[PDB]
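Below, each value reflects all heavy atoms present in this structure, side chains not excepted, and no hydrogens, waters or symmetry copies. To find a chain, count down the sequence lines: A is the first, B the second, and so on, and within it residues start at 1. Indexing begins at 1, ligand by ligand and atom by atom, following the structure's order.
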2 protein chains.
Amino acid sequence: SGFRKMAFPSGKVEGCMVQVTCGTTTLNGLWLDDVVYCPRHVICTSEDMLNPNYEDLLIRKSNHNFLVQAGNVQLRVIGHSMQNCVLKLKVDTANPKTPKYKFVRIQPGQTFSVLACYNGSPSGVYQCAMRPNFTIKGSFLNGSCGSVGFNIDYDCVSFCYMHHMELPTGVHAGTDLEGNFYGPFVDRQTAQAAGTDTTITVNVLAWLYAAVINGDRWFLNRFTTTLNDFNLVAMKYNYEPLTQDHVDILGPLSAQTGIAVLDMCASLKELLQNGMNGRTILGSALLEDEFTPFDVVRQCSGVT
Amino acid sequence: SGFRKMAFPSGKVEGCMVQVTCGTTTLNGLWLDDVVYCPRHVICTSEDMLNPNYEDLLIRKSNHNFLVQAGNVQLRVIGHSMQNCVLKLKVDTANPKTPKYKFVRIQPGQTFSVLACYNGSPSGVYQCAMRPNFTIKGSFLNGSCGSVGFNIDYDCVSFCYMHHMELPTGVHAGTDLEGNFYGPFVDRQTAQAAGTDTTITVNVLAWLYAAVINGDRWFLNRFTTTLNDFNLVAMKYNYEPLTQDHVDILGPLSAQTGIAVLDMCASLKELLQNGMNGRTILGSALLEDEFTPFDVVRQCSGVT
Ligand SMILES: *CC(=O)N1CCC(C(=O)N2CCCCC2)CC1
Ligand SMILES: *CC(=O)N1CCC(C(=O)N2CCCCC2)CC1
């Protein structure tokens with residue numbers, strides 16, 4: 001028993017972190033096979049900043065301007081290309097610690113672990129969600145750019161995120177490993193405001209299931225609801241609309257706990273309309289929305 | 001910016017996790033040099049359970065009854081001894097991945113990362129505190145015993161915790177790596193109730209500092225207080241008494257933010273007396289107490 005916000009073991013990804021220095025800029029790169037991936041803004045300076053023309057900036061860069069260091073050993077850069085907002089530095093040595101890996105573009109509501117790094121050295125690991133507004137609520141200081149977000153399926157790391165941008169509101173933006181930003185965000189120091197940070201309804205329900213499974217049951221009530229009725233209450237409270245797909249996704253948790261999804265929706269509805277009344281659910285005073293149904297099943301079953 | 005509940009990178013510790021099987025019991029061991037550490041209850045059965053005499057139970061065990069498996073390779077057990085509530089299995093091979101390590105007995109309020117494992121395979125990593133009642137609020141299913149809690153100081157892992165017991169209230173108990181339980185707890189299926197789960201006052205303050213440092217400032221007020229006045233309010237709310245040592249420990253954070261510790265105490269006092277009024281601090285609706293002052297400094301500075 002016990003339910004905890006749990007990151008994947010970072011080992012496989014620690015073995016992929018290098019330092020990338022271009023000029024006076026130092027940040028993090030991912031080393032997979034003979035390619036190192038980093039944010040293209042590594043090449044930026046004091047001024048370019050507001051409106052860097054990355055293609056033009058890059059013309060002034062050679063292979064030898066990209067200093068790539070794996071612990072205390074330098075990697076030889078034998079090629080460099082720009083793919084969207086990431087650089088791909090070809091090194092002459094394949095990372096011997098390259099795990100099985102995929103690059104996946106996650107959807108909003110999907111969760112992942114982030115290995116926070118500075119100078120290609122891992123500092124910590126935490127669990128995130130891609131927010132419905134395509135931000136993430138991270139922990140990222142200067143030098144943390146190139147830190148990646150990932151999922152592990154047993155021995156295969158699925159990289160979903162590279163850190164690029166802090167918004168003036170102190171939320172975070174970045175790319176998949178093809179260098180495409182999540183959401184409308186750009187690697188440019190400009191007026192970028194996040195949209196509404198909506199709650200991931202399906203995740204709150206998953207977490208309501210995890211709670212029951214671990215003995216926290218006070219919020220179970222006698223009520224049920226429909227999708228349409230529940231979604232009126234979701235709207236008012238800036239919750240993602242709940243779809244039959246979401247109900248379907250909660251099936252297993254429904255099954256195991258013998259609580260119908262729509263009954264749990266009615267439990268969530270009362271929590272929204274009435275608050276927690278100073279009580280807690282799995283040691284939280286608000287409705288957690290960064291556990292997927294998959295995350296709950298994983299942690300409640302004990303998958304490795 | 002952003003502040004997140006952050007575990008240490010698990011890599012160094014993943015490389016230390018093996019499976020220990022005695023009879024039909026499978027749980028986790030720590031492999032450091034040529035010794036594997038596991039809970040002594042690995043040798044327990046259906047009945048012993050309520051009052052196992054571990055010395056007597058162990059007489060019926062030989063080296064060859066302890067099956068130790070590192071991934072898909074078996075380790076040869078060449079000796080076994082009981083140290084308090086852990087077993088130390090001598091293997092014929094030193095773990096090639098043994099990091100620099102220490103065994104440290106932590107104090108209540110001290111935080112650590114736990115690598116949740118099943119069958120010597122890491123499932124996840126989360127951050128814990130040793131509670132003032134010597135419990136931890138973990139996530140531990142069957143097979144998770146022998147999972148360890150640790151801190152890293154750069155390249156040196158300080159192991160502080162091995163998982164042994166779930167209390168009927170679904171909180172967790174275990175030992176340091178010398179096999180001594182934190183608190184009054186025993187590896188025996190009996191009436192063990194946790195005492196009052198008090199809040200780690202110094203940690204809440206550290207976290208109040210982390211908040212200010214990351215822009216969450218609404219709870220700053222015009223008030224100050226004394227230790228004695230603040231401690232009357234702490235008592236009433238089951239908070240650890242705050243000592244000058246704690247004030248001293250918060251010095252650096254005081255310095256950096258230019259908020260006197262006693263002013264922040266007065267901020268915490270009003271939060272206790274008035275609640276959050278439906279507001280949040282670093283995306284929490286209650287007062288987080290599993291960040292040390294050291295943890296705040298680390299994450300706010302970016303130590304690796
Ligand atoms: C997120 C990260 O690590 N970054 C690298 C540093 C960079 C920065 O601070 N500057 C200032 C000096 C000129 C380049 C940009 C911000 C992004
Ligand atoms: C915490 C852990 O992993 N443990 C190992 C399993 C054990 C258990 O379930 N049993 C039942 C069968 C007889 C031995 C005890 C509990 C501790």
*Geometric cation-pi criterion, A:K5 with A:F291: 6.0 Å, 45°*: yes
One should read off an interatomic distance between A:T26 OG1 and A:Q19 CD, to the nearest 0.5 angstrom, of 5.0 Å
The residue among B:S147, B:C117, B:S10, B:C16 that forms side-chain contact (heavy atoms from CB on, under 4.5 Å) with B:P122 is B:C117
Short version for A:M49: what comes under 4.0 Å of ligand 1, heavy atoms counted, is side chain
Under 4.0 Å from one or more heavy atoms of B:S144, ligand 2 contributes atoms 3 (O)
- Item | Aromatic ring pairing B:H80/B:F66, orientation class (parallel under 30°, perpendicular over 60°, tilted between) | tilted
* Where does the angle between the aromatic ring planes of B:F140 and B:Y126 fall among parallel (under 30°), tilted (30 to 60°) and perpendicular (over 60°)? -> perpendicular
Q. Are A:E178 and A:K88 close enough for a salt bridge, meaning some N to O gap below 4.0 Å?
A. no
When you measure from [atom] to the protein, is at least one non-hydrogen atom found at a distance under 4.0 Å?
| atom | result |
| --- | --- |
| atom 17 (C) of ligand 1 | yes |
| atom 11 (C) of ligand 1 | no |
| atom 6 (C) of ligand 2 | yes |

- Give yes if a backbone or side-chain nitrogen or oxygen of A:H164 is under 3.5 Å from a nitrogen or oxygen of ligand 1, and no if not. no
Under 3.5 Å, N or O to N or O, is A:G143 touching ligand 1 that way? yes
Does B:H41 come within less than 4.0 angstrom of ligand 2, counting non-hydrogen atoms of the residue? yes
Check: of A:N142, A:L27, A:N119, min heavy-atom distance to atom 9 (O) of ligand 1 comes from A:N142
Practice task
Determine whether more than 12 heavy atoms belonging to other residues, nucleotides or ligands lie under 6.0 Å from atom NZ of A:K97.
Solution key: no
protein heavy-atom neighbour closest to atom 2 (C) of ligand 1 works out as A:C145 SG, 2.8 Å
